[PDB]
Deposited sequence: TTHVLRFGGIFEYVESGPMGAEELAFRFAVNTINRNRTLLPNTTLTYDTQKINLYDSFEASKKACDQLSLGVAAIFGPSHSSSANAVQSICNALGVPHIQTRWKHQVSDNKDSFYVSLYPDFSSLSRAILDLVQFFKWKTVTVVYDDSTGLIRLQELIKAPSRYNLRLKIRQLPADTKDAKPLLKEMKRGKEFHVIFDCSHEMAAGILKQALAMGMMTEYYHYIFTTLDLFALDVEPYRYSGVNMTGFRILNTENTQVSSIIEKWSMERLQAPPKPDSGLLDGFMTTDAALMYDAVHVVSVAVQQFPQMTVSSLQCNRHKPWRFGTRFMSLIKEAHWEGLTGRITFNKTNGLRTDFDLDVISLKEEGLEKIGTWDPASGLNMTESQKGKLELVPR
């Protein structure tokens, strides 16, 4: 009873240093499962990792074909959206499950059915952001987004001013944070004390610097962050100013089992950035959870074996339709909590969140949120 089952992964290219955090979580999971007797006892997980420049969809395609030709049971495809788009179409045509860990816009007309996404969908996250804004009883707010795509992402937030009694201004960051000051100066001048920053944690770390410099880290302002990697941020410079800072957290650290696995990650890993060294970002804990979730579906389908499919020949995989289905019905308790997909969408629309805020002793849990029972504060 020894069977070789191979996953493919397409990751970011760093010709200048260490492998990315996602590719590391991928390999770390595979190894952890192999060492685990209870999961895939008779089965042994192997893999093939290709590295590409993330916005060359053409390259992401050539490498997705190569892996379908070696034989792969799933492509844990790329992060960037336009490259994940192309690998999604390919995986569909050849009926190999595509596992996505990062959000991208699913065009409506698109009928691809061979995929799932582990990123918390903000059909839900937009509503969690909203539930939070109403709890603080804000009546004016200012949404500051990074790249145009954040409007599609937070569209349920942008529309609320027609239903509820709310008035928001929409501002954008410039390409480089190093002059987000002219903008911050307009918000200051306009007494925009309640703000929602829609950007990556790296951008958030850099914006809070400009904000401090501008005298906007005080008891007057309150900042809400869409980013789930709020704990990734160094908070020493601001916890005494008594700004308010709130965001969500998918990464279930409250559990000791998750904390210990996060520590083995800070291990076997490694300034003015504003980020904490040795921290597992959410994008990485999701990849680790995607390998585990797919594997839970593999343990239920021993009959299944890999197959060498070609992008020119057009012979859909034989166990494709059946595997992709086993996946969508999967249940797993990963680093990021309850995993369950939406049979309809393939998306993750139901999950649990910890709502975290900046007290004087650092970031702290002040409640929970799930789409069913909404916000649930502890006081």
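Counting the deposited sequence from 1, the stretches lacking C-alpha coordinates are 271-275, 385-395.
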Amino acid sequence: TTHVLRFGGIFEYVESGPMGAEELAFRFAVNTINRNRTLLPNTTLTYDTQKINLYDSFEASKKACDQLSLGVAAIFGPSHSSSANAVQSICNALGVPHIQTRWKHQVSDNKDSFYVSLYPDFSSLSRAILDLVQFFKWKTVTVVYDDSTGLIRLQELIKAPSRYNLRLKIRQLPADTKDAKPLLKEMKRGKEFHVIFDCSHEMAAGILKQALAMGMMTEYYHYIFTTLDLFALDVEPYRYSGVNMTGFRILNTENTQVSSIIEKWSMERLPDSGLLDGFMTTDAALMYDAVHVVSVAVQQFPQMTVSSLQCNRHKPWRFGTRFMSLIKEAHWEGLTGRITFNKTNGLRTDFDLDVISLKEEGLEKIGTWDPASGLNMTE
From here on, numbers count along this sequence of modelled residues.
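Legend: mean Cα B-factor per stretch from the PDB entry, 75-83 versus 233-241; the higher mean is in 75-83. Stretches 258-266 and 152-160 differ in mean CA B factor, with 258-266 having the higher one. Highest CA B-factor among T321, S61, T49, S69, as stated in the entry: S69. The entry lists a Cα temperature factor for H292 that places it in the middle third of the chain's modelled residues.
For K185, the recorded CA temperature factor ranks within the lowest third of the chain's modelled residues. When the modelled residues of the chain are ordered by C-alpha B-factor, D198 sits in the lowest third. In the deposited entry, the Cα temperature factor of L132 sits in the middle third of values across the chain's modelled residues. For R348, the recorded CA temperature factor ranks within the middle third of the chain's modelled residues.
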